[PDB]
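Colleague: Dumping the structure here so I can ask a few things about it.
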Amino acid sequence: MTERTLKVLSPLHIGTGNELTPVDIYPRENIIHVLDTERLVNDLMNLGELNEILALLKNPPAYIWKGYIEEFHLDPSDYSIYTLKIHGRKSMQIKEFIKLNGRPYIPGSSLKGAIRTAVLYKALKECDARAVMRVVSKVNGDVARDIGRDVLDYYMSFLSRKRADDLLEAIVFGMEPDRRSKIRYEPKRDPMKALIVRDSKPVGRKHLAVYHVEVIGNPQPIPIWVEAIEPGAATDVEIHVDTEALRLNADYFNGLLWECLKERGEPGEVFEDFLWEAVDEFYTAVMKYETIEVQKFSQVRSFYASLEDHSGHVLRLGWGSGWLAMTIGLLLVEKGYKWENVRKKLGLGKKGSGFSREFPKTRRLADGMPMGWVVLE
RNA sequence: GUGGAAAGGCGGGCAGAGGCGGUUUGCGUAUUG
């Protein structure tokens, strides 16, 4: 297949590491507006200075620093998003979406990193009796992975910026020759270098709006303002596997993922079929796991029961996907105390350690919708 | 009322042929002051 289009079922924020200060914004109505400082500042000179360089650096009481253009001028906006929520007293930092010409698209590095989490989950399920024969070749540390006994039961005690997944990515994707440690990752040995995803077509201005993300898990909830693609927008993305790049590397790949493909048939032929069966088994499993916790908001469960009977492949993206959806640690729930000492080793809570709500405490949902759901087919 | 007189060290010759700046890594998560 080529040009496998998608749709959007919840708010979806792909960050760019940038926020809109209140000098960029003046909401005249329930609609909001993104003013053009470079053009507006250079357009407010004809009527005259050094006052703009003094007032913007001062940041006084925002509202008046954007409504002072209303005196003898008006109508200087760029994008003019919608607020779509009962907020905005400016006092906000709207996190902006990634845009190529002021037009929102989905980056392909972000949809590949979600498939890579789904594919990593499938490799650690099926592959401890076969995980030693992978590291039997030029690693010599599989005896430690055999005496502990499913390499996960060793890695909880093996650990006991952050390079925590360094060995686990080197077992499922790329066995190296040697290192100062036991093994390391080699980018030249990877089936995922044959997985080609591309940036999608740009979404559109009509489907972009500001949101009001409330954080739930504490008695005092906090709001975060953010912009995200509204649910119901459908764009098209093309994903294909280059099978010719796997035929050349039939002897050079050394990993547990390659030892999941030689059992479904020809390993350069079933990798694209293994790929989506890994998607609908990581993300349906994190979909069912969130029906256990009812701390959110009621209506959240009526979204999750409606995610079933929906054709296509369902997966998370973006910013509101929690620790449960960007991490192997869905599989590390069934350990309990084997992961309880290690979750405090890294540490989590700050400003000692969170005892009973260590990992799953935060839920970031926009307008009562669990954000970040995109369904391919 | 000179061991002198005259006599180009030079005519021809591409530092050339082959070679991907490359492979993996989701602007995000954690909690409060």
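We name chains A, B, ... following the order of the structure tokens; residues begin at 1 in each chain, and ligands are numbered from 1 as shown.
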Taking the DSSP secondary structure from the backbone, can you list the residues of region 17-212 of chain A that are strand (DSSP E), as number ranges by chain?
Modeller: A: 17-20, 94-97, 195-197, 208-212
Colleague: Write out as a ChimeraX atom specification the residues lying within 12 Å of residue 72 (chain A), counting only C-alpha atoms (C1' of nucleotides) and excluding same-chain residues fewer than 5 positions away.
Modeller: /A:44,46-48,67
Colleague: Report, in Å with one decimal, the straight-line distance from CA of residue 100 (chain A) to CA of residue 317 (chain A).
Modeller: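 Atom-to-atom, CA of residue 100 (chain A) to CA of residue 317 (chain A), that is 18.7 Å.
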Colleague: Excluding region 17-31 of chain B and its own-chain neighbours fewer than 2 positions away, which residues fall within 8 Å of it when counting only C-alpha atoms (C1' of nucleotides)? Please give them as a ChimeraX atom specification.
Modeller: /A:14-17,109-114,186-188,190,193,317-319,322-323,348-351
Colleague: Mind dumping the selected residues with C-alpha atoms as an mmCIF file, in the first residue's frame?
Modeller:
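Saved to out_0.cif:
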data_model
loop_
_atom_site.group_PDB
_atom_site.id
_atom_site.type_symbol
_atom_site.label_atom_id
_atom_site.label_comp_id
_atom_site.auth_asym_id
_atom_site.auth_seq_id
_atom_site.Cartn_x
_atom_site.Cartn_y
_atom_site.Cartn_z
ATOM 1 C CA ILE A 14 2.880 17.582 18.464
ATOM 2 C CA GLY A 15 5.098 20.021 20.297
ATOM 3 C CA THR A 16 7.812 22.223 18.839
ATOM 4 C CA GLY A 17 9.297 23.414 22.133
ATOM 5 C CA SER A 109 9.799 11.139 13.148
ATOM 6 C CA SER A 110 6.895 11.223 15.606
ATOM 7 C CA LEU A 111 4.790 8.525 13.961
ATOM 8 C CA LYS A 112 7.806 6.236 13.642
ATOM 9 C CA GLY A 113 8.680 6.568 17.324
ATOM 10 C CA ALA A 114 5.195 5.354 18.181
ATOM 11 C CA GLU A 186 24.575 -0.553 16.417
ATOM 12 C CA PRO A 187 22.428 1.545 14.042
ATOM 13 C CA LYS A 188 23.713 -0.468 11.075
ATOM 14 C CA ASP A 190 18.311 -2.735 12.589
ATOM 15 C CA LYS A 193 16.050 1.118 9.101
ATOM 16 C CA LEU A 317 0.952 10.067 19.344
ATOM 17 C CA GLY A 318 1.739 13.452 20.643
ATOM 18 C CA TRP A 319 1.916 15.018 24.048
ATOM 19 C CA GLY A 322 1.238 9.422 29.391
ATOM 20 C CA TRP A 323 3.997 7.303 30.854
ATOM 21 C CA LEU A 348 9.835 10.358 40.213
ATOM 22 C CA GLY A 349 8.028 12.747 42.637
ATOM 23 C CA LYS A 350 9.747 16.102 43.443
ATOM 24 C CA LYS A 351 9.350 19.399 45.404
#
Colleague: Neighbouring residues of residue 283 (chain A) were defined as those with any atom within 10 Å, considering only C-alpha atoms (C1' of nucleotides); residues of the same chain fewer than 2 positions away were excluded. Please report them as a list in words.
Modeller: residues 114, 115, 117, 118, 121, 278, 279, 280, 281, 285, 286, 287, 288, 289, 313, 314, 315, 316, 324, 325 and 373 of chain A
Colleague: Compare A:377, A:293, A:166, A:75 by their minimum atom-to-atom distance to residue 185 (chain A), counting only C-alpha atoms, and give me the closest one.
Modeller: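 Nearest candidate to residue 185 (chain A) out of A:377, A:293, A:166, A:75: A:166.
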Colleague: Out of A:104, A:312, A:360, A:60, which residue has the shortest atom-to-atom distance to chain B when counting only C-alpha atoms (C1' of nucleotides)?
Modeller: A:360
Colleague: Point out the residue among A:120, A:147, A:25, A:203 with the least atom-to-atom distance to residue 235 (chain A), counting only C-alpha atoms.
Modeller: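 Smallest separation from residue 235 (chain A) among the options: A:203.
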Colleague: Give me, please, the distance in Å between CA of residue 91 (chain A) and CA of residue 62 (chain A), quoted to one decimal.
Modeller: 7.4 Å
Colleague: For CA of residue 35 (chain A) and CA of residue 23 (chain A), quote the distance in Å rounded to one decimal.
Modeller: 8.2 Å
Colleague: With only C-alpha atoms (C1' of nucleotides) as the counted atoms, please give the residues lying no more than 10 Å from region 255-261 of chain A, apart from itself and same-chain residues fewer than 6 positions off, as a ChimeraX atom specification.
Modeller: /A:119-120,122-124,126-127,130-135,169-176,189-192,267-274
Colleague: Report as a PyMOL selection string all protein, DNA and RNA residues lying within 12 Å of residue 64 (chain A), evaluated on only C-alpha atoms (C1' of nucleotides), omitting residues in the same chain fewer than 2 positions from it.
Modeller: chain A and resi 22-23+25-27+55-56+59-62+66-71+89-90
Colleague: Just write the chosen residues, C-alpha atoms, as a PDB file, in the first residue's frame.
Modeller:
ATOM      1  CA  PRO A  22       0.837  37.128  25.876  1.00  0.00           C
ATOM      2  CA  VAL A  23       2.499  39.899  23.815  1.00  0.00           C
ATOM      3  CA  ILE A  25      -1.852  37.243  21.536  1.00  0.00           C
ATOM      4  CA  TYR A  26      -4.894  39.474  21.867  1.00  0.00           C
ATOM      5  CA  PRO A  27      -8.273  37.682  22.034  1.00  0.00           C
ATOM      6  CA  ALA A  55       7.569  47.912  27.241  1.00  0.00           C
ATOM      7  CA  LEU A  56       7.947  44.414  25.754  1.00  0.00           C
ATOM      8  CA  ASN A  59       6.072  42.890  30.691  1.00  0.00           C
ATOM      9  CA  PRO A  60       3.724  44.904  32.894  1.00  0.00           C
ATOM     10  CA  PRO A  61       0.019  44.250  33.489  1.00  0.00           C
ATOM     11  CA  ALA A  62      -0.394  40.889  28.370  1.00  0.00           C
ATOM     12  CA  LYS A  66      -1.657  44.013  23.394  1.00  0.00           C
ATOM     13  CA  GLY A  67      -4.741  46.265  23.623  1.00  0.00           C
ATOM     14  CA  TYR A  68      -2.638  49.435  23.312  1.00  0.00           C
ATOM     15  CA  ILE A  69      -2.609  48.785  19.560  1.00  0.00           C
ATOM     16  CA  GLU A  70      -6.376  49.407  19.529  1.00  0.00           C
ATOM     17  CA  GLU A  71      -5.697  53.143  19.901  1.00  0.00           C
ATOM     18  CA  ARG A  89      -6.566  37.426  33.145  1.00  0.00           C
ATOM     19  CA  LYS A  90      -4.444  36.571  30.099  1.00  0.00           C
TER      20      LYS A  90
END
Colleague: Going by DSSP on the backbone, which residues of region 252-339 of chain A come out as alpha helix (DSSP H)? List them as a PyMOL selection string.
Modeller: chain A and resi 258-261+271-289+300-307+337-339
Colleague: Could the residues in this selection be written to a file with N, CA, C and O atoms, as a CSV table (one decimal), in the first residue's frame?
Modeller:
chain,number,residue,atom,x,y,z
A,258,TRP,N,14.7,-9.8,14.8
A,258,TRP,CA,15.0,-10.6,13.7
A,258,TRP,C,14.6,-12.1,14.0
A,258,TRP,O,14.4,-12.9,13.1
A,259,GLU,N,14.7,-12.5,15.3
A,259,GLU,CA,14.3,-13.8,15.7
A,259,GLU,C,12.8,-13.8,16.1
A,259,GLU,O,12.4,-14.8,16.8
A,260,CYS,N,12.0,-12.8,15.7
A,260,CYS,CA,10.6,-12.9,15.7
A,260,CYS,C,10.0,-13.0,14.3
A,260,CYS,O,8.9,-13.3,14.1
A,261,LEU,N,10.9,-12.7,13.3
A,261,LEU,CA,10.5,-12.7,11.9
A,261,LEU,C,10.8,-14.0,11.2
A,261,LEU,O,10.1,-14.3,10.2
A,271,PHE,N,7.8,-9.0,7.7
A,271,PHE,CA,8.1,-7.9,8.6
A,271,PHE,C,7.0,-6.8,8.5
A,271,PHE,O,6.7,-6.1,9.6
A,272,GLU,N,6.4,-6.6,7.4
A,272,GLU,CA,5.3,-5.6,7.3
A,272,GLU,C,4.0,-6.1,7.9
A,272,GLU,O,3.2,-5.3,8.3
A,273,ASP,N,3.9,-7.5,8.0
A,273,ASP,CA,2.7,-8.0,8.6
A,273,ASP,C,2.9,-8.1,10.1
A,273,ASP,O,1.9,-8.0,10.9
A,274,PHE,N,4.1,-8.4,10.6
A,274,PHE,CA,4.5,-8.3,12.0
A,274,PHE,C,4.3,-6.9,12.5
A,274,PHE,O,4.1,-6.7,13.7
A,275,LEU,N,4.4,-5.9,11.6
A,275,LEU,CA,4.5,-4.5,12.1
A,275,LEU,C,3.2,-4.0,12.6
A,275,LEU,O,3.1,-3.3,13.6
A,276,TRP,N,2.0,-4.4,12.0
A,276,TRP,CA,0.7,-3.9,12.5
A,276,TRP,C,0.2,-4.8,13.5
A,276,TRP,O,-0.7,-4.3,14.3
A,277,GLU,N,0.5,-6.1,13.6
A,277,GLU,CA,0.2,-6.9,14.7
A,277,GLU,C,0.9,-6.5,16.0
A,277,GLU,O,0.4,-6.9,17.1
A,278,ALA,N,2.0,-5.8,15.9
A,278,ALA,CA,2.6,-5.2,17.1
A,278,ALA,C,1.9,-3.9,17.5
A,278,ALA,O,2.0,-3.5,18.6
A,279,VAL,N,1.3,-3.2,16.5
A,279,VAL,CA,0.6,-2.0,16.8
A,279,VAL,C,-0.7,-2.3,17.6
A,279,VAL,O,-0.9,-1.7,18.7
A,280,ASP,N,-1.5,-3.2,17.1
A,280,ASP,CA,-2.8,-3.4,17.7
A,280,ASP,C,-2.7,-4.4,19.0
A,280,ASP,O,-3.7,-4.8,19.4
A,281,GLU,N,-1.5,-4.6,19.4
A,281,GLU,CA,-1.3,-5.4,20.7
A,281,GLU,C,-0.6,-4.6,21.8
A,281,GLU,O,-0.6,-4.9,22.9
A,282,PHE,N,0.1,-3.5,21.4
A,282,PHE,CA,0.6,-2.6,22.4
A,282,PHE,C,-0.5,-1.6,22.8
A,282,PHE,O,-0.7,-1.3,23.9
A,283,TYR,N,-1.1,-1.0,21.8
A,283,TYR,CA,-2.0,0.1,22.0
A,283,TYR,C,-3.4,-0.3,22.4
A,283,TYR,O,-4.1,0.5,23.1
A,284,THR,N,-3.9,-1.5,22.0
A,284,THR,CA,-5.1,-2.0,22.6
A,284,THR,C,-4.9,-2.4,24.1
A,284,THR,O,-5.8,-2.4,24.9
A,285,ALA,N,-3.7,-2.9,24.4
A,285,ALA,CA,-3.4,-3.2,25.8
A,285,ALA,C,-3.2,-2.0,26.7
A,285,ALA,O,-3.5,-2.2,27.9
A,286,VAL,N,-2.8,-0.9,26.2
A,286,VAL,CA,-2.8,0.3,27.0
A,286,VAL,C,-4.1,1.0,27.0
A,286,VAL,O,-4.5,1.7,27.9
A,287,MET,N,-5.0,0.6,26.0
A,287,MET,CA,-6.4,1.1,26.0
A,287,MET,C,-7.2,0.4,27.0
A,287,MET,O,-8.0,1.1,27.7
A,288,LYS,N,-7.0,-0.9,27.2
A,288,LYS,CA,-7.7,-1.6,28.3
A,288,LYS,C,-7.2,-1.3,29.7
A,288,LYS,O,-7.9,-1.4,30.6
A,289,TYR,N,-5.9,-1.0,29.8
A,289,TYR,CA,-5.3,-0.7,31.1
A,289,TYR,C,-5.8,0.5,31.7
A,289,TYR,O,-5.9,0.6,33.0
A,300,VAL,N,-14.9,9.5,30.2
A,300,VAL,CA,-13.7,8.9,29.7
A,300,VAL,C,-13.8,7.5,29.3
A,300,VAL,O,-13.3,7.0,28.3
A,301,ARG,N,-14.6,6.7,30.1
A,301,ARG,CA,-14.8,5.3,29.8
A,301,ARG,C,-15.7,5.2,28.6
A,301,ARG,O,-15.6,4.2,27.8
A,302,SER,N,-16.7,6.1,28.4
A,302,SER,CA,-17.5,6.1,27.2
A,302,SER,C,-16.7,6.5,25.9
A,302,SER,O,-17.2,6.3,24.8
A,303,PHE,N,-15.5,7.0,26.0
A,303,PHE,CA,-14.6,7.1,24.9
A,303,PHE,C,-13.9,5.8,24.6
A,303,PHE,O,-13.7,5.5,23.5
A,304,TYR,N,-13.5,5.1,25.7
A,304,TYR,CA,-12.7,3.9,25.5
A,304,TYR,C,-13.6,2.7,25.1
A,304,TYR,O,-13.1,1.9,24.3
A,305,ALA,N,-14.8,2.6,25.5
A,305,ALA,CA,-15.7,1.6,25.0
A,305,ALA,C,-16.1,1.9,23.6
A,305,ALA,O,-16.6,1.0,22.9
A,306,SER,N,-16.0,3.2,23.1
A,306,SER,CA,-16.3,3.5,21.7
A,306,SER,C,-15.1,3.4,20.8
A,306,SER,O,-15.2,3.5,19.6
A,307,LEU,N,-13.9,3.3,21.4
A,307,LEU,CA,-12.7,3.0,20.6
A,307,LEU,C,-12.7,1.6,20.0
A,307,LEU,O,-12.1,1.4,18.9
A,337,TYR,N,7.1,-5.4,42.9
A,337,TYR,CA,8.3,-5.1,43.8
A,337,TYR,C,9.6,-5.2,43.0
A,337,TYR,O,10.5,-4.5,43.4
A,338,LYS,N,9.6,-6.0,41.9
A,338,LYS,CA,10.8,-6.0,41.1
A,338,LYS,C,11.0,-4.6,40.3
A,338,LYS,O,12.1,-4.3,39.9
A,339,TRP,N,9.9,-3.9,40.1
A,339,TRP,CA,10.0,-2.6,39.5
A,339,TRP,C,9.8,-1.5,40.6
A,339,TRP,O,10.0,-0.3,40.2
Colleague: My list of candidates is A:344, A:87, A:4, A:116. Which is closest to chain B when distances are computed with only C-alpha atoms (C1' of nucleotides)?
Modeller: A:116
Colleague: Closest to chain B among A:11, A:231, A:265, A:108, using only C-alpha atoms (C1' of nucleotides)?
Modeller: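 Looking at the shortest contact to chain B, the residue is A:108.
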